[PDB]
Amino acid sequence: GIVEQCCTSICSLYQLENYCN
Amino acid sequence: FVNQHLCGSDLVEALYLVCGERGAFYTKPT
């Protein structure tokens with residue numbers, strides 16, 4: 001469930017940092 | 001990075017450069 005949204009609508013780049021650690 | 005839909009290598013293209021050298025590898029579609 002990490003792309004459930006970025007893969008359907010949109011996402012902030014800084015929010016993508018959430019998938020690094 | 002802009003406001004659009006992205007998936008697969010695009011989800012990383014987004015991360016790959018934002019957290020570069022920051023240890024990413026969060027998914028492995030192999």
# chains A, B, ... in the order shown; residues from 1 in each chain; ligands from 1
>>> select_by_dssp(residues="chain A", states="alpha helix (DSSP H)", output="number ranges by chain")
A: 13-16
>>> interface_residues(of="chain B", to="chain A", cutoff="6 Å", atoms="only C-alpha atoms", output="list in words")
residues 3, 4, 5, 6, 7 and 24 of chain B
>>> atom_distance(atom1="CA of residue 22 (chain B)", atom2="CA of residue 2 (chain B)")
21.1 Å
>>> atom_distance(atom1="CA of residue 1 (chain B)", atom2="CA of residue 21 (chain B)")
17.9 Å
>>> atom_distance(atom1="CA of residue 12 (chain B)", atom2="CA of residue 29 (chain B)")
11.6 Å
